[PDB]
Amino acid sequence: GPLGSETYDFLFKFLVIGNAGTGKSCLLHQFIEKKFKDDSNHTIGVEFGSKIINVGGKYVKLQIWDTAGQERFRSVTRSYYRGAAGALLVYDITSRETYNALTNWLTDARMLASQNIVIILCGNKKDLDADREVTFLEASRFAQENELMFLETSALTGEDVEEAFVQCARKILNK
């Protein structure tokens, strides 16, 4: 994967944000490696990944900053919002607390990045439907009201992970 071997037309800076334990790191690992990370522990500060996707015939390299959700890491994660084109905003459909935090994540994102940062809302862990605390309906209405894209995902199965990243990039390229 050296510099001279890659082909891309666009370079986008993305970040993944949301409460601790929502599955942000598993989402990135799923996207890059097409595997469910085993024994995922809390991210210490931040981690990084990149992947080139095909969006409408153009190749887009996504530089992805997987930020720690724990409040102790707030100060070291400020940097990754600045000049970011898009963000996956993640909550856990089994934890209402993670959903209730979205307004604050959203507000901080739009203040630190440009107000027009493209945000896709990811209701993660949808494979755990027996433990669901947040309905699809209320989340979709929250997204509509706050001009966010929205889908539910499973980092465990892989379902909708690729689509979340791709649709975020798609919206950036085209009005």
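When you see a residue number, it is the position in the sequence shown, counting from 1.
Mean temperature factor over C-alpha atoms, higher-scoring stretch between 29-37 and 63-71: Mean C-alpha B-factor is greater for 29-37.
Residue stretch of maximal mean CA temperature factor, 111-119 vs 146-154: Per the PDB entry, the higher value belongs to 111-119.
Position of residue 76 among the chain's modelled residues by C-alpha B-factor, lowest, middle or highest third: Highest third of the chain for residue 76's C-alpha B-factor.
Modelled-residue ranking by C-alpha temperature factor, third containing residue 140: Answer is middle: the recorded C-alpha B-factor places it there.
Third assignment of residue 43 from its chain's C-alpha B-factors: According to the entry, residue 43 has a C-alpha B-factor in the chain's highest third.
Within-chain third of residue 124 by Cα B-factor, per the entry: Within its chain, residue 124 is a lowest-third residue by C-alpha B-factor, going by the deposited values.
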